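S.K.: Okay, structure incoming, though there's no sequence with it:
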RNA sequence: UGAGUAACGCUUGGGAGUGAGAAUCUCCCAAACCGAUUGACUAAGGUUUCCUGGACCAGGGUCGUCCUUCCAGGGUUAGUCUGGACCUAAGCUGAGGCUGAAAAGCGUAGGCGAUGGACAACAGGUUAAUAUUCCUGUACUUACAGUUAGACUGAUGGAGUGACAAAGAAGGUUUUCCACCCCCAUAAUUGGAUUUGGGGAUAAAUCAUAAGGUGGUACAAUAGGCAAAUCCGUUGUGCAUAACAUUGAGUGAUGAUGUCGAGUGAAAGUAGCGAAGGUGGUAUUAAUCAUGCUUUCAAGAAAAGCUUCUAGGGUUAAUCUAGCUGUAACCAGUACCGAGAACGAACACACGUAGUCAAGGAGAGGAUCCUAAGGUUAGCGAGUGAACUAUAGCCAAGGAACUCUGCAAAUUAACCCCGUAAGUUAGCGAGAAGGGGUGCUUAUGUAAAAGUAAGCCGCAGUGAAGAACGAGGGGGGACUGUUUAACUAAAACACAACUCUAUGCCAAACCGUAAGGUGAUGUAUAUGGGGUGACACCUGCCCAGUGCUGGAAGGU
RNA sequence: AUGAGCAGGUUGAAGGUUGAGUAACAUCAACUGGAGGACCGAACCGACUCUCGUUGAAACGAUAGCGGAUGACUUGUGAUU
Ligand SMILES: [Mg+2]
Ligand SMILES: [Mg+2]
Ligand SMILES: [Mg+2]
Ligand SMILES: [Mg+2]
Ligand SMILES: [Mg+2]
Ligand SMILES: [Mg+2]
Ligand SMILES: [Mg+2]
Ligand SMILES: [Mg+2]
Ligand SMILES: [Mg+2]
């Protein structure tokens, strides 16, 4: 059957990307938290 | 007039009808002028926020709006000529292509009766009364079918411009302004004597009797399905619930929201236009 | 259970018999499973016995069985049979072949057997 | 014209196969940001032969060393092949 | 422990070789499925999985010398291809600005945003791996100067074009196809043959030729096209019946003394060799002309770009047009997979995923049975042929008695010819019901064929496969549709139509706190809401209570 | 918003041209024309029934049947609530 994750990299980048998250207050806050927890994969822009 | 559509497609029977569109129009083949066409973006009942605000509206076809000179103000005391009576999809009436003698084209509403080669005019002074003309209401004698009226001066034709609509003159008020108008649907307003008007009823008198025959035909015309409140669940409608065809339990019928509905007066009577009214389809003020 | 392999249908058995008899006439030795060897032997014997007379009817009847191999093609294998293999055995009543048992296989512990034919 | 855009040549069987012809297609690896115009001008001012045609490809990075407790990533490089007129040939 | 139990997730036989060891690896020969596909090309994705050499801790439902695994080395080559450097749609963002305790929200100019528009390259070869990219041969384009000749250019702006629906049909031209003919190998021990098998093409571009398609054409006035106008628009006059403008599949010649080619074939069927490389018919087929035409109503994208227009400029020459010489053509993608093993399914999982090419026989066909081009061995086997289970096949006599019910299963089944009721919105019912014929040969058949008469075989002749079971009465809903993904597809929902009510335009209803927006670039023959639900006939009584509307003096 | 797709085969509407007829209509016959939430049926979509599987091949499927299949259709890509 047709599962729940059909991938299309343009959509993924535009939706969870770095320029997507660095344009609203909540996105800036989540980048703050992720720098705080020190994620190596900060957003989905890096593989 | 109207013309039947004998289907002989053996899935149900539909005595569908359609306006003849042949004996009424000129050159039914659709070749509208390019200079006066702008595409319409179909909002589809939606909103700038993207939610739904007007229900069951969507799925209409692609149209092309014809820029109509409802104002009739840039060309005054200058003759014109009706060139074609095309079918513009947006409004129920018939639009006509006129060409002012200097060579300038426009789309107007076709008063019922004018034909190819006729002459129409627009002015500010007393002129003739033949259909298609335009002039301030103070000059049109009482009794003539008048359409494409407008409320504010130099504001272009809002009131009474639908398929087969009109309005009659009924003299003047006691002030010396405010020519009275007997509108369609029993009301009677007071229009300012500086308001323009166009004589002659609007064409396509038989749009009341065209019968959409199949649900589809209606879906393509822009009206999507409407669901009765008694089919709803008790949530998202006041009429929901009930274990099988229960009636409208609350004391009066209700809207999809919680508003009392049936016959409850709604006009905002604290408005400037209440004193420009003689009657409101039933009685005084 | 449902979808299942076609398996050892009767056509599979008979076609295996044909391929193995072709192979044994072509070379003269087969290293197969024992319980296919005992089943190939019967058809082998019947062919060699039917092939000692050499009229065209026998050629037709043997054409119904043989298949071409890398060594000989079918119309070469027929000549190779009727020229040297069949007449060699012309005086032996039965007993045209032997099946001797080899050692068990490492893959399946099946009883490998060798099929051959000598005077 | 820093000529920092000629990092290295690569010597492979393919390069020799293409080089022993008549066109004498040399090959180099260049700065990942460099462009064909800069490459051919650099070649002009490093050797002295105005090149005919320049071609560039880039080998995107992949996984390297596979499974070795410290898997790594390869190197992004732009290989530019450089063509030369029929009767000329130079060395590195 | 259960237990060395269930499971091991669609398929074979052998020869030769390797290797310590082989069902499992390499080669060969068959064999068995696929063939509107398990074949070929690519988009999306994935991210080295691709090629060569080596290894066999682990992963592979067994094994393994082997793997899409691991290790070392390697491969992706563009002025013209997909996209940027050009264009815009939905929409997104959004200077100033509007609104909002705060963050933010809305939104104008501008800017982004392909799934679309515009833009110039074809054929063949080559490597283990790339190819309109490299190479060979022949081309075109867009800029740049310098030069020869002609000409006054004519935009950030105006106009035209671009610029468009769905369905249907009929024509033109090449083709498919049919026939003939040149060429090649073949000449046959199983009775007989005096044949049998295969192939028969060459591109963009340049020049001439183009059947046919579209749409009047010239001249004069001009008050409009934010100014300007020789352009467009408008109004007059003549020719008209074809001139003019514009477009145009195909044809021929160059390209081509080239490449390719059935086959042959040395040191692997590879290198090299490489004959014909054609004529007619065409009542059949697809493709192009075609953004063509006709009809209908649900009335069928924008901008850039191209042509033009004047303004603006230019003459002591700028700018453009045509040619010659020379120079330049940037940035990312380009491997491989594209799924019964590389994508999404936790996997080497029976599932899913856009588009393109799509052979032959019978046939209406992309159905159905078998095959071709090509491609795979469904990564546990070997036996035995007990109960028992699934799946197929078959079952005398009876033929629905089992049963909750004829659930399931069975009969009919394509084509051709007769014939076909009750009822009705007069369309249907109806493929109604009910029946018959079907194969091969000869002759007749028309232009091919169906058909026709005679004859012949079999138990049976769409001999196989793939094709409706039917009649009669009743309830519900009018119908076609939608629905509870993953137990309910229904008598529910929808619907056409009816009525009632609200609403006079800054409409009413609605989202939002407000701005703003829909309703609507709509205007009572219109829009929102409640209720019924095609079509026909009917829709009785009660206004005390609740609700709704109005009331004008009083009471609180 | 924008694009693509629906092998093949039938029924043969409205309208129109002609002839009769009509005082002229109406009506009838032939020919053309090629409509339809039409018909039969593959790809495509959906999911009515049995059987199987139900620690499955599969966190909802297979064989065999089944309804629609030019339309209120199906589908990809992008945006949005
Ligand atoms: Mg036990
Ligand atoms: Mg047991
Ligand atoms: Mg077992
Ligand atoms: Mg699959
Ligand atoms: Mg597909
Ligand atoms: Mg076929
Ligand atoms: Mg098939
Ligand atoms: Mg109801
Ligand atoms: Mg009812």
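M.R.: Right, received. Where do you want to start? Residues are numbered from 1 along each chain as shown, chains lettered A, B, ... in the order given. Ligands and ions are numbered 1, 2, ... in the order given.
S.K.: Doesn't residue B:218 lie inside a helix?
M.R.: Yes: counting by DSSP: H, G, I helix; E, B strand; the rest coil, residue B:218 is found in a helix.
S.K.: count of residues packed around the nearest residue to residue B:276 once chain neighbours are set aside?
M.R.: Closest residue to residue B:276 apart from its sequence neighbours, by CB to CB, 6 or more residues apart in numbering or on different chains: residue B:190 at 4.5 Å. (Each C-beta comes from the backbone N, C-alpha and C, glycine too.) Neighbour count for residue B:190, taken as other CB atoms under 10 Å in any protein chain shown: 19.
S.K.: I'd like the next helix or strand past the helix or strand hosting residue B:190.
M.R.: Per DSSP states H and E: residue B:190 is located in strand B:188-191. Remark: after strand B:188-191, the chain's next helix or strand is strand B:196-199, criterion DSSP H and E.
S.K.: That following strand and RNA strand E, are they touching?
M.R.: No: judged by CB under 7 Å from any atom of the strand, strand B:196-199 and RNA strand E are separated, with a smallest distance of 12.6 Å.
S.K.: That strand packs against which elements?
M.R.: strand B:135-136, strand B:146-147 (3 or more CB pairs under 8 Å, 6 or more residues apart in numbering or on different chains; DSSP states H and E).
S.K.: quick one: which of these is nearest residue A:15?
M.R.: strand B:146-147 (52.7 Å; CB to CB).
S.K.: give me the number of residues near the residue lying closest to residue B:194 once chain neighbours are set aside?
M.R.: Ranked by CB to CB, 6+ apart and with sequence neighbours excluded, the top spatial neighbour of residue B:194 is residue B:153, at 4.2 Å. By the other CB under 10 Å criterion, the neighbourhood of residue B:153 contains 12 residues.
S.K.: How many neighbouring residues does the residue nearest to residue B:188 when sequence neighbours are not counted have?
M.R.: Nearest-residue entry for residue B:188: residue B:278, 4.3 Å, with adjacent residues in sequence omitted and distances by CB to CB, 6+ apart. Using other CB under 10 Å, residue B:278 has 16 neighbouring residues.
S.K.: tell me the contacts of residue B:278?
M.R.: B:180, B:188-190, B:284 (CB atoms under 8 Å, 6 or more residues apart in numbering or on different chains).
S.K.: Would you reformat these as a markdown table and include distance to residue B:148?
M.R.: Below are these laid out as a markdown table (distance: CB to CB, whole Å):
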| residue | distance to residue B:148 |
| --- | --- |
| B:180 | 18 |
| B:188 | 19 |
| B:189 | 15 |
| B:190 | 18 |
| B:284 | 28 |
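S.K.: Can you flag the buried ones in the residues you listed?
M.R.: Listed as buried from the contacts of residue B:278 are B:180, B:188-190; burial here means 16 or more other CB atoms under 10 Å in any protein chain shown.
S.K.: now, which of the residues you listed lie close to RNA strand E?
M.R.: residue B:189.
S.K.: ok, the buried ones among the contacts of residue B:278 vs residue C:60, which is closest?
M.R.: Nearest to residue C:60 among the buried ones among the contacts of residue B:278, with distances taken as CB to CB, is residue B:189, at 110.0 Å.
S.K.: Torsion angles phi and psi at the residue nearest to residue B:188?
M.R.: phi -100, psi -40 (degrees, to the nearest 10).
S.K.: rewinding a little: so what sits opposite the residue nearest to residue B:276 in the bridge?
M.R.: Judged by DSSP bridges, the bridge partners of residue B:190 are residue B:180.
S.K.: Can you get me the start-to-end distance on stretch D:25-36?
M.R.: Across stretch D:25-36, the terminal residues are separated by 15 Å (CA to CA, to the nearest Å).
S.K.: chain center to that stretch, what's the gap?
M.R.: 5 Å (CA atoms, centre = their mean, to the nearest Å).
S.K.: Give me the buried stretch members for that stretch, please.
M.R.: Result for stretch D:25-36 [16+ other CB under 10 Å]: buried residues D:25-31, D:34.
S.K.: Now do that stretch: everything it contacts.
M.R.: D:4-10, D:15, D:18-19, D:39, D:54-56, D:58, D:76-84, D:90.
S.K.: let's see 6 Å
M.R.: Defining contact as CB atoms under 6 Å, 6 or more residues apart in numbering or on different chains, one finds that stretch D:25-36 is touched by D:5-10, D:15, D:18, D:39, D:54, D:56, D:76-83.
S.K.: before we move on, back to that, figure out which of the helices and strands packed on strand B:196-199 is closest to RNA strand E.
M.R.: strand B:146-147 (7.8 Å; CB to the nearest atom of the strand).
S.K.: ok, which residues in chain D are in contact with RNA strand E?
M.R.: Near RNA strand E, when you scan chain D using CB under 7 Å from any atom of the strand, you find D:10, D:12-15, D:17-18, D:22-23, D:25, D:35-37, D:40, D:50, D:53-60, D:62-63, D:65-68, D:78-79, D:81, D:83.
S.K.: out of these, which are buried?
M.R.: D:15, D:18, D:25, D:40, D:54, D:78-79, D:81.
S.K.: What about the residues of chain D next to RNA strand E, which are in helices?
M.R.: Among these, the members found in helices (DSSP state H) are D:13-15, D:17-18, D:36-37, D:40.
S.K.: circling back to that earlier point, what's the distance between the residue nearest to residue B:188 and residue B:251?
M.R.: Distance of residue B:278 to residue B:251, given as CB to CB, to the nearest Å: 34 Å.
S.K.: now residue B:172: how far from RNA strand F?
M.R.: 48 Å (CB to the nearest atom of the strand, to the nearest Å).
S.K.: again with residue B:109
M.R.: From residue B:109 to RNA strand F the distance is 26 Å (CB to the nearest atom of the strand).
S.K.: In this structure that residue contacts residue B:94, no?
M.R.: No: counting by CB atoms under 6 Å, residue B:109 sits too far from residue B:94 to count as a contact (7.6 Å).
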